[PDB]
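The block underneath contains the structure these notes are about, expressed in structure tokens.
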Amino acid sequence: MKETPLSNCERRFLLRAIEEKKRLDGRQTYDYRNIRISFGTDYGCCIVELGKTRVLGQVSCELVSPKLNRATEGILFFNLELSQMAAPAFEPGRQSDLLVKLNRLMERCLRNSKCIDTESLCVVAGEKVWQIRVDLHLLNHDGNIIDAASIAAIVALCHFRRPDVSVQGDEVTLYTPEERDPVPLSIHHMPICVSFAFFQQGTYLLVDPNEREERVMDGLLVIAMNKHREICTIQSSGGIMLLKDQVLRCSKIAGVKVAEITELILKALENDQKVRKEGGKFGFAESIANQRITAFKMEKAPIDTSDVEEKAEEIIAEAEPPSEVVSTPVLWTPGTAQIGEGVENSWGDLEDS
Amino acid sequence: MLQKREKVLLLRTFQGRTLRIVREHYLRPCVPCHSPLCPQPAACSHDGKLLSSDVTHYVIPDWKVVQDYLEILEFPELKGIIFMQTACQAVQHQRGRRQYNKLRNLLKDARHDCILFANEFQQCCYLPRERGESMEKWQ
RNA sequence: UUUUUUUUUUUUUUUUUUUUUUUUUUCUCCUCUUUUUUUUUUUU
């Protein structure tokens with residue numbers, strides 16, 4: 001199946017709007033759609049909602065032997081994936097020219113910026129070291145997949161907590177959250193992507209565009225730049241032909257926006273840590289809105305487990321026992337035996353000769 | 001203008017793996033000679049540290065006299081020293097980083113008569129190896 | 001007192017596909033000075 005086609009009235013409508021500098025959902029040019037984070041119960045699990053897009057991030061680590069060369073570091077897989085439910089079009093093996101640019105954007109940003117400290121993730125050298133493996137999923141496609149995926153990966157990596165080990169002499173030992181307390185990670189900086197769309201040959205731009213605005217646009221400019229004032233990746237693409245003052249304006253915009261986004265992320269992580277430390281209740285369950293029609297709560301219930309013995313007993317007692325015609329096995333020659341109606345002769349011989 | 005040439009190399013890695021890496025080299029017409037009797041100023045314009053002619057002579061170690069005897073060539077009475085970059089490269093790739101750091105401080109100093117020369121980036125001082133050789137003899 | 005005739009917007013649609021983080025170097029390296037090494041003890 002494919003996606004609904006685009007009419008010739010929506011294009012006209014978006015472009016008269018954009019010329020007039022007013023958008024459908026009210027937000028002005030240099031605005032984001034507000035964000036909403038939600039944390040799981042086990043560490044390294046979060047749900048981010050940018051506008052109406054959803055991404056699920058989940059980090060997990062595991063212990064392997066560290067290849068050959070680079071004997072004193074650890075490896076860091078990544079695997080983006082696009083879920084059929086994100087949008088009708090996404091299909092397991094028919095969108096192979098977006099997956100590549102997306103995985104690449106994500107990997108170049110996260111792994112070349114050198115914000116995670118993969119130095120101090122060893123146990124021995126030449127021997128077992130921790131191999132982390134981030135995982136993100138797209139749940140609902142409404143435009144700007146990469147900003148949401150980046151914020152999700154950031155929060156998921158800044159909320160993980162490893163296991164922990166004791167190493168002394170030449171001897172190993174592996175603990176558990178009851179034997180020893182899980183340990184956080186070390187994060188130098190926080191590289192956060194920003195995207196820009198250009199409209200009618202670079203004459204206008206719009207910050208944080210959604211999927212309809214994405215079908216009436218020429219090309220895209222992404223600018224990933226960590227906190228402080230340090231740019232980390234840019235990737236122009238689509239159909240655009242750019243100037244040189246504009247790259248600088250964009251860099252300013254990304255600076256401002258990443259400042260604000262880092263404010264939000266830090267505040268949310270702090271509040272979450274405070275909640276987890278106070279001693280209150282957390283998790284995916286205690287996030288469902290209760291002022292809303294599609295949520296319901298029920299404490300536990302013994303249903304009545306008073307009768308099952310009797311029913312089972314009568315059922316077993318009330319049915320016909322196994323019968324008693326026992327069959328016989330026939331022996332032809334050691335190696336082959338037959339049971340059933342059997343064959344008339346001992347074996348075939350000179351049937352046709 | 002420039003004249004491309006090549007340089008093969010035999011790098012031995014820590015795991016015992018050697019390789020014939022090939023690399024580049026770009027000659028030039030005019031390597032500055034940082035002397036006060038260069039018979040044409042403009043072509044290089046001598047934009048750096050520049051000697052003043054009072055000495056009787058000029059002494060250039062070939063490679064070893066600066067490899068080990070370097071500790072001699074600091075006395076501010078010694079005058080008129082010029083270093084060939086090929087000796088610097090030898091000492092760097094043979095004597096680690098300490099001796100070389102003293103040598104580069106020596107160079108980067110307005111107290112002595114030390115300059116550096118681009119032997120290997122000059123168009124008729126470069127010579128290619130031949131059948132049967134060694135670093136010492138080629139050097 | 002000025003008749004009659006001079007065509008026009010390409011034809012076509014009912015195509016198969018059995019992969020998967022990365023990717024590829026940089027050498028040997030002088031740690032300065034009262035010592036053997038003190039040690040019970042009690043108040044946390």
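Within each chain, counting starts at residue 1; across the structure tokens, chains are named A, B, ... in the order shown, with ligands numbered 1 upward in that order.
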
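Using only C-alpha atoms, one finds that the residues of chain B close to chain A, at 12 Å or less, are residues 13, 14 and 15 of chain B.
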
Which chain A residues have any atom within 7 Å of an atom of chain C, and for each, what is the nearest pair of atoms with distance in Å to one decimal, counting only C-alpha atoms (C1' of nucleotides), rows sorted by chain and number, as JSON lines?
{"residue": "A:77", "atom": "CA", "partner": "C:21", "partner_atom": "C1'", "distance": 4.4}
{"residue": "A:78", "atom": "CA", "partner": "C:21", "partner_atom": "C1'", "distance": 5.4}
{"residue": "A:79", "atom": "CA", "partner": "C:21", "partner_atom": "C1'", "distance": 6.6}

Write the residues of the preceding selection, restricted to C-alpha atoms, as a tab-separated table (two decimals), in the first residue's frame.
chain	number	residue	atom	x	y	z
A	77	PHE	CA	26.68	-0.39	18.41
A	78	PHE	CA	23.72	1.53	17.09
A	79	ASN	CA	20.73	0.42	15.04

Contacts of residue A:241 at 9 Å (only C-alpha atoms (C1' of nucleotides); same-chain gap of 2+ positions) as a PDB file with N, CA and C atoms, in the first residue's frame:
ATOM      1  N   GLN A 201      12.878  28.154  -2.900  1.00  0.00           N
ATOM      2  CA  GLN A 201      14.248  28.532  -3.255  1.00  0.00           C
ATOM      3  C   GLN A 201      14.872  29.497  -2.242  1.00  0.00           C
ATOM      4  N   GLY A 202      15.006  28.996  -1.016  1.00  0.00           N
ATOM      5  CA  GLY A 202      15.669  29.699   0.065  1.00  0.00           C
ATOM      6  C   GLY A 202      15.178  31.061   0.501  1.00  0.00           C
ATOM      7  N   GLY A 219      14.443  21.533   0.321  1.00  0.00           N
ATOM      8  CA  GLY A 219      15.472  20.725   0.940  1.00  0.00           C
ATOM      9  C   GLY A 219      15.619  21.067   2.404  1.00  0.00           C
ATOM     10  N   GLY A 239      16.921  19.394  -1.947  1.00  0.00           N
ATOM     11  CA  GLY A 239      16.991  20.064  -3.234  1.00  0.00           C
ATOM     12  C   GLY A 239      17.495  21.493  -3.165  1.00  0.00           C
ATOM     13  N   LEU A 243      23.217  29.927   0.430  1.00  0.00           N
ATOM     14  CA  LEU A 243      24.121  31.059   0.582  1.00  0.00           C
ATOM     15  C   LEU A 243      25.082  30.860   1.757  1.00  0.00           C
TER      16      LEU A 243
END

Would you write out, as JSON lines, a table of all residues in chain B that have an atom no more than 12 Å from an atom of chain C, listing for each the closest atom pair and the distance in Å to one decimal, considering only C-alpha atoms (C1' of nucleotides) and ordering rows by chain and rising residue number?
{"residue": "B:10", "atom": "CA", "partner": "C:25", "partner_atom": "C1'", "distance": 11.5}
{"residue": "B:11", "atom": "CA", "partner": "C:25", "partner_atom": "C1'", "distance": 8.1}
{"residue": "B:12", "atom": "CA", "partner": "C:25", "partner_atom": "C1'", "distance": 8.6}
{"residue": "B:13", "atom": "CA", "partner": "C:25", "partner_atom": "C1'", "distance": 6.4}
{"residue": "B:14", "atom": "CA", "partner": "C:25", "partner_atom": "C1'", "distance": 8.7}
{"residue": "B:15", "atom": "CA", "partner": "C:25", "partner_atom": "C1'", "distance": 10.3}
{"residue": "B:16", "atom": "CA", "partner": "C:25", "partner_atom": "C1'", "distance": 11.5}
{"residue": "B:17", "atom": "CA", "partner": "C:25", "partner_atom": "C1'", "distance": 9.8}
{"residue": "B:18", "atom": "CA", "partner": "C:25", "partner_atom": "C1'", "distance": 10.0}
{"residue": "B:19", "atom": "CA", "partner": "C:25", "partner_atom": "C1'", "distance": 10.0}
{"residue": "B:21", "atom": "CA", "partner": "C:25", "partner_atom": "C1'", "distance": 10.5}
{"residue": "B:91", "atom": "CA", "partner": "C:27", "partner_atom": "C1'", "distance": 11.9}
{"residue": "B:92", "atom": "CA", "partner": "C:27", "partner_atom": "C1'", "distance": 9.9}
{"residue": "B:93", "atom": "CA", "partner": "C:27", "partner_atom": "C1'", "distance": 7.4}
{"residue": "B:94", "atom": "CA", "partner": "C:27", "partner_atom": "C1'", "distance": 7.9}
{"residue": "B:95", "atom": "CA", "partner": "C:28", "partner_atom": "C1'", "distance": 7.4}
{"residue": "B:96", "atom": "CA", "partner": "C:28", "partner_atom": "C1'", "distance": 6.2}
{"residue": "B:97", "atom": "CA", "partner": "C:29", "partner_atom": "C1'", "distance": 8.3}
{"residue": "B:98", "atom": "CA", "partner": "C:29", "partner_atom": "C1'", "distance": 8.4}
{"residue": "B:99", "atom": "CA", "partner": "C:29", "partner_atom": "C1'", "distance": 11.0}

Practice item. Extract, using only C-alpha atoms (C1' of nucleotides), all DNA, RNA and protein residues at most 6 Å from residue B:27, discarding same-chain residues fewer than 6 positions from it, and format them as a list in words. Key: residues 2, 3, 121, 122 and 123 of chain B

Practice item. Can you list, as an NGL selection string, all residues belonging to stretch 214-257 of chain A that DSSP tags as alpha helix (DSSP H)? Key: :A and (214-215 or 245-257)

Just write the chosen residues, N, CA and C atoms, as an mmCIF file, in the first residue's frame.
data_model
loop_
_atom_site.group_PDB
_atom_site.id
_atom_site.type_symbol
_atom_site.label_atom_id
_atom_site.label_comp_id
_atom_site.auth_asym_id
_atom_site.auth_seq_id
_atom_site.Cartn_x
_atom_site.Cartn_y
_atom_site.Cartn_z
ATOM 1 N N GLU A 214 6.629 19.304 5.260
ATOM 2 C CA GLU A 214 7.714 18.531 4.671
ATOM 3 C C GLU A 214 7.460 18.140 3.221
ATOM 4 N N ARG A 215 6.209 18.097 2.785
ATOM 5 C CA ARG A 215 5.903 17.757 1.403
ATOM 6 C C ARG A 215 5.781 18.979 0.504
ATOM 7 N N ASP A 245 25.719 33.699 4.299
ATOM 8 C CA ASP A 245 25.188 34.371 5.482
ATOM 9 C C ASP A 245 24.181 33.471 6.179
ATOM 10 N N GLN A 246 23.508 32.637 5.389
ATOM 11 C CA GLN A 246 22.404 31.832 5.880
ATOM 12 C C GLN A 246 22.925 30.716 6.770
ATOM 13 N N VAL A 247 24.067 30.124 6.410
ATOM 14 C CA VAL A 247 24.665 29.103 7.265
ATOM 15 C C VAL A 247 24.958 29.682 8.643
ATOM 16 N N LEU A 248 25.389 30.945 8.692
ATOM 17 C CA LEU A 248 25.732 31.564 9.967
ATOM 18 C C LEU A 248 24.480 31.867 10.774
ATOM 19 N N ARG A 249 23.464 32.430 10.117
ATOM 20 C CA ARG A 249 22.175 32.623 10.772
ATOM 21 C C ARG A 249 21.668 31.308 11.362
ATOM 22 N N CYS A 250 21.681 30.242 10.554
ATOM 23 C CA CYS A 250 21.275 28.922 11.029
ATOM 24 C C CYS A 250 22.084 28.493 12.245
ATOM 25 N N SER A 251 23.395 28.749 12.232
ATOM 26 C CA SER A 251 24.230 28.351 13.360
ATOM 27 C C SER A 251 23.819 29.090 14.626
ATOM 28 N N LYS A 252 23.527 30.384 14.496
ATOM 29 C CA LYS A 252 22.992 31.154 15.616
ATOM 30 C C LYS A 252 21.709 30.521 16.139
ATOM 31 N N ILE A 253 20.789 30.213 15.224
ATOM 32 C CA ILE A 253 19.499 29.656 15.619
ATOM 33 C C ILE A 253 19.697 28.355 16.380
ATOM 34 N N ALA A 254 20.537 27.465 15.839
ATOM 35 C CA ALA A 254 20.807 26.206 16.518
ATOM 36 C C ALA A 254 21.451 26.413 17.880
ATOM 37 N N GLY A 255 22.331 27.407 18.006
ATOM 38 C CA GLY A 255 22.883 27.715 19.316
ATOM 39 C C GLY A 255 21.811 28.046 20.334
ATOM 40 N N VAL A 256 20.972 29.032 20.002
ATOM 41 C CA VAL A 256 19.886 29.433 20.894
ATOM 42 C C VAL A 256 19.002 28.240 21.242
ATOM 43 N N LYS A 257 18.561 27.517 20.212
ATOM 44 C CA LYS A 257 17.593 26.454 20.423
ATOM 45 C C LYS A 257 18.179 25.329 21.263
#

Exercise for review: Please provide the set of residues having any atom within 9 Å of residue A:143, restricted to only C-alpha atoms (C1' of nucleotides), with same-chain residues fewer than 4 positions apart removed, written as a list in words.
Suggested key: residues 52, 53, 208, 209, 210, 211, 212, 213 and 214 of chain A

Output for the residues just chosen: C-alpha atoms as a short mmCIF file (atom, residue, chain, number, x, y, z; two decimals), in the first residue's frame:
data_model
loop_
_atom_site.label_atom_id
_atom_site.label_comp_id
_atom_site.auth_asym_id
_atom_site.auth_seq_id
_atom_site.Cartn_x
_atom_site.Cartn_y
_atom_site.Cartn_z
CA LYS A 52 2.87 14.48 18.02
CA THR A 53 5.91 12.35 17.16
CA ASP A 208 10.83 22.51 13.24
CA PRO A 209 8.55 21.58 10.33
CA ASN A 210 6.00 18.79 10.35
CA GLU A 211 5.06 16.28 7.72
CA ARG A 212 2.72 18.37 5.58
CA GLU A 213 5.22 21.27 5.63
CA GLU A 214 7.71 18.53 4.67
#

Practice item. Determine which residues of chain B DSSP labels as strand (DSSP E or B) from the backbone of this structure, then write them out as a ChimeraX atom specification. Key: /B:3-12,18-28,59,81-84,114-117,122

Restricting it to N, CA, C and O atoms, dump the selection as a CSV table (one decimal), in the first residue's frame.
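Written out: out_26.csv:
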chain,number,residue,atom,x,y,z
B,3,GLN,N,57.0,19.8,-8.3
B,3,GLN,CA,57.4,18.5,-8.9
B,3,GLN,C,57.1,17.4,-8.0
B,3,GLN,O,57.8,17.2,-7.0
B,4,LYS,N,56.0,16.6,-8.3
B,4,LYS,CA,55.7,15.4,-7.5
B,4,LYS,C,56.8,14.4,-7.5
B,4,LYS,O,57.4,14.1,-8.6
B,5,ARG,N,57.0,13.8,-6.4
B,5,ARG,CA,57.7,12.5,-6.3
B,5,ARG,C,57.1,11.6,-5.2
B,5,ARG,O,56.2,12.1,-4.5
B,6,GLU,N,57.6,10.4,-5.1
B,6,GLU,CA,57.0,9.4,-4.2
B,6,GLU,C,58.1,9.0,-3.1
B,6,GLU,O,59.3,9.2,-3.3
B,7,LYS,N,57.6,8.5,-2.0
B,7,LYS,CA,58.4,7.9,-1.0
B,7,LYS,C,57.7,6.6,-0.5
B,7,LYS,O,56.6,6.7,0.1
B,8,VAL,N,58.3,5.5,-0.7
B,8,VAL,CA,57.8,4.3,-0.1
B,8,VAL,C,58.3,4.2,1.4
B,8,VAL,O,59.3,4.9,1.7
B,9,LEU,N,57.7,3.4,2.2
B,9,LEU,CA,58.0,3.2,3.6
B,9,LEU,C,57.7,1.8,4.0
B,9,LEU,O,56.8,1.2,3.5
B,10,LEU,N,58.4,1.3,5.0
B,10,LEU,CA,58.2,0.0,5.6
B,10,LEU,C,57.9,0.2,7.1
B,10,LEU,O,58.8,0.1,7.9
B,11,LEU,N,56.6,0.4,7.4
B,11,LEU,CA,56.2,0.5,8.8
B,11,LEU,C,55.9,-0.8,9.4
B,11,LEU,O,55.2,-1.6,8.8
B,12,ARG,N,56.4,-1.1,10.6
B,12,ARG,CA,56.2,-2.3,11.3
B,12,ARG,C,55.3,-2.0,12.5
B,12,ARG,O,55.6,-1.2,13.4
B,18,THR,N,54.2,-5.6,8.8
B,18,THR,CA,54.8,-4.6,8.0
B,18,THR,C,54.0,-4.4,6.7
B,18,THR,O,53.3,-5.2,6.3
B,19,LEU,N,54.2,-3.2,6.1
B,19,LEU,CA,53.5,-2.8,4.9
B,19,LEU,C,54.3,-1.8,4.1
B,19,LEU,O,55.1,-1.0,4.7
B,20,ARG,N,54.1,-1.8,2.8
B,20,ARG,CA,54.8,-0.9,1.9
B,20,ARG,C,53.9,0.3,1.6
B,20,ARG,O,53.4,0.4,0.5
B,21,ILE,N,53.6,1.1,2.6
B,21,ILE,CA,52.9,2.3,2.4
B,21,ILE,C,53.7,3.2,1.5
B,21,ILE,O,54.9,3.4,1.6
B,22,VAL,N,53.0,3.8,0.5
B,22,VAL,CA,53.6,4.8,-0.4
B,22,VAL,C,53.0,6.2,0.0
B,22,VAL,O,51.8,6.3,0.4
B,23,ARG,N,53.8,7.2,-0.2
B,23,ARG,CA,53.4,8.6,0.2
B,23,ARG,C,54.0,9.6,-0.8
B,23,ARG,O,54.7,9.2,-1.8
B,24,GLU,N,53.8,10.8,-0.6
B,24,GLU,CA,54.0,11.9,-1.5
B,24,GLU,C,55.3,12.7,-1.2
B,24,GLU,O,55.9,12.5,-0.2
B,25,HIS,N,55.6,13.6,-2.2
B,25,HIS,CA,56.6,14.6,-1.9
B,25,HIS,C,56.6,15.7,-3.0
B,25,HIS,O,56.5,15.4,-4.2
B,26,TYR,N,56.6,17.0,-2.6
B,26,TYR,CA,56.4,18.1,-3.5
B,26,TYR,C,57.7,19.0,-3.4
B,26,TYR,O,57.9,19.6,-2.4
B,27,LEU,N,58.4,19.0,-4.5
B,27,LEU,CA,59.6,19.9,-4.6
B,27,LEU,C,59.2,21.3,-4.9
B,27,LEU,O,58.0,21.6,-5.2
B,28,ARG,N,60.1,22.3,-4.7
B,28,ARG,CA,59.8,23.6,-5.1
B,28,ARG,C,61.1,24.2,-5.7
B,28,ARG,O,62.2,23.7,-5.6
B,59,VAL,N,79.7,25.7,10.3
B,59,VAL,CA,79.9,24.3,10.6
B,59,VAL,C,78.5,23.7,10.7
B,59,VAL,O,77.6,24.2,11.3
B,81,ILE,N,75.5,28.7,13.0
B,81,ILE,CA,75.0,27.3,12.9
B,81,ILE,C,73.8,27.3,12.0
B,81,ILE,O,72.9,28.2,12.1
B,82,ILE,N,73.7,26.4,11.1
B,82,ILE,CA,72.5,26.2,10.3
B,82,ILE,C,72.1,24.7,10.3
B,82,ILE,O,73.0,23.8,10.0
B,83,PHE,N,70.9,24.4,10.6
B,83,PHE,CA,70.5,23.0,10.6
B,83,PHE,C,69.8,22.5,9.4
B,83,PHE,O,68.9,23.2,8.9
B,84,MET,N,70.2,21.4,8.8
B,84,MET,CA,69.5,20.7,7.7
B,84,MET,C,68.4,19.9,8.2
B,84,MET,O,68.6,19.1,9.1
B,114,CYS,N,71.0,29.9,15.1
B,114,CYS,CA,70.4,28.7,14.5
B,114,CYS,C,69.3,29.1,13.5
B,114,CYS,O,68.4,29.8,13.8
B,115,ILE,N,69.4,28.4,12.4
B,115,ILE,CA,68.3,28.4,11.4
B,115,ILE,C,68.0,27.0,11.0
B,115,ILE,O,68.7,26.1,11.4
B,116,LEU,N,67.0,26.8,10.1
B,116,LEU,CA,66.7,25.5,9.6
B,116,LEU,C,66.6,25.6,8.1
B,116,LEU,O,66.2,26.6,7.5
B,117,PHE,N,67.0,24.5,7.4
B,117,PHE,CA,67.0,24.5,5.9
B,117,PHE,C,66.2,23.3,5.4
B,117,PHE,O,66.3,22.2,5.9
B,122,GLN,N,64.0,21.2,-1.8
B,122,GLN,CA,64.7,22.0,-2.8
B,122,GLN,C,65.0,21.1,-4.0
B,122,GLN,O,65.3,19.9,-3.8

Residue A:339 surroundings by only C-alpha atoms (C1' of nucleotides), 12 Å radius, close-in-sequence under 2 positions cut, as a PDB file with N, CA, C and O atoms, in the first residue's frame:
ATOM      1  N   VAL A 326      -4.430 -53.661  21.977  1.00  0.00           N
ATOM      2  CA  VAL A 326      -2.998 -53.412  21.883  1.00  0.00           C
ATOM      3  C   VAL A 326      -2.500 -53.987  20.565  1.00  0.00           C
ATOM      4  O   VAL A 326      -2.946 -55.061  20.137  1.00  0.00           O
ATOM      5  N   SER A 327      -1.609 -53.268  19.892  1.00  0.00           N
ATOM      6  CA  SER A 327      -1.177 -53.721  18.581  1.00  0.00           C
ATOM      7  C   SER A 327       0.106 -54.537  18.699  1.00  0.00           C
ATOM      8  O   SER A 327       0.799 -54.513  19.718  1.00  0.00           O
ATOM      9  N   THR A 328       0.415 -55.261  17.630  1.00  0.00           N
ATOM     10  CA  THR A 328       1.589 -56.112  17.572  1.00  0.00           C
ATOM     11  C   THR A 328       2.591 -55.588  16.552  1.00  0.00           C
ATOM     12  O   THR A 328       2.195 -55.139  15.471  1.00  0.00           O
ATOM     13  N   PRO A 329       3.885 -55.620  16.867  1.00  0.00           N
ATOM     14  CA  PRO A 329       4.898 -55.274  15.864  1.00  0.00           C
ATOM     15  C   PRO A 329       5.377 -56.483  15.078  1.00  0.00           C
ATOM     16  O   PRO A 329       5.566 -57.576  15.613  1.00  0.00           O
ATOM     17  N   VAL A 330       5.584 -56.276  13.779  1.00  0.00           N
ATOM     18  CA  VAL A 330       6.022 -57.333  12.877  1.00  0.00           C
ATOM     19  C   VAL A 330       7.503 -57.117  12.615  1.00  0.00           C
ATOM     20  O   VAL A 330       7.968 -55.978  12.527  1.00  0.00           O
ATOM     21  N   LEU A 331       8.246 -58.208  12.476  1.00  0.00           N
ATOM     22  CA  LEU A 331       9.680 -58.130  12.237  1.00  0.00           C
ATOM     23  C   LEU A 331      10.022 -58.687  10.866  1.00  0.00           C
ATOM     24  O   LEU A 331       9.723 -59.850  10.570  1.00  0.00           O
ATOM     25  N   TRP A 332      10.627 -57.852  10.023  1.00  0.00           N
ATOM     26  CA  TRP A 332      11.022 -58.301   8.697  1.00  0.00           C
ATOM     27  C   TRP A 332      12.434 -58.878   8.733  1.00  0.00           C
ATOM     28  O   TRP A 332      12.651 -60.045   8.394  1.00  0.00           O
ATOM     29  N   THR A 336      14.251 -53.067  10.383  1.00  0.00           N
ATOM     30  CA  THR A 336      12.970 -52.582   9.879  1.00  0.00           C
ATOM     31  C   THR A 336      11.819 -53.406  10.436  1.00  0.00           C
ATOM     32  O   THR A 336      11.822 -54.635  10.332  1.00  0.00           O
ATOM     33  N   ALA A 337      10.835 -52.719  11.015  1.00  0.00           N
ATOM     34  CA  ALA A 337       9.643 -53.354  11.559  1.00  0.00           C
ATOM     35  C   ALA A 337       8.428 -52.532  11.156  1.00  0.00           C
ATOM     36  O   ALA A 337       8.529 -51.321  10.943  1.00  0.00           O
ATOM     37  N   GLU A 341      -2.050 -52.248   9.255  1.00  0.00           N
ATOM     38  CA  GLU A 341      -2.713 -53.348   8.565  1.00  0.00           C
ATOM     39  C   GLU A 341      -1.709 -54.326   7.967  1.00  0.00           C
ATOM     40  O   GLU A 341      -2.074 -55.469   7.673  1.00  0.00           O
ATOM     41  N   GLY A 342      -0.456 -53.905   7.783  1.00  0.00           N
ATOM     42  CA  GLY A 342       0.578 -54.797   7.307  1.00  0.00           C
ATOM     43  C   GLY A 342       0.539 -54.990   5.805  1.00  0.00           C
ATOM     44  O   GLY A 342      -0.306 -54.452   5.090  1.00  0.00           O
ATOM     45  N   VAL A 343       1.490 -55.787   5.323  1.00  0.00           N
ATOM     46  CA  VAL A 343       1.566 -56.116   3.906  1.00  0.00           C
ATOM     47  C   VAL A 343       1.418 -57.627   3.784  1.00  0.00           C
ATOM     48  O   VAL A 343       1.833 -58.385   4.667  1.00  0.00           O
TER      49      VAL A 343
END
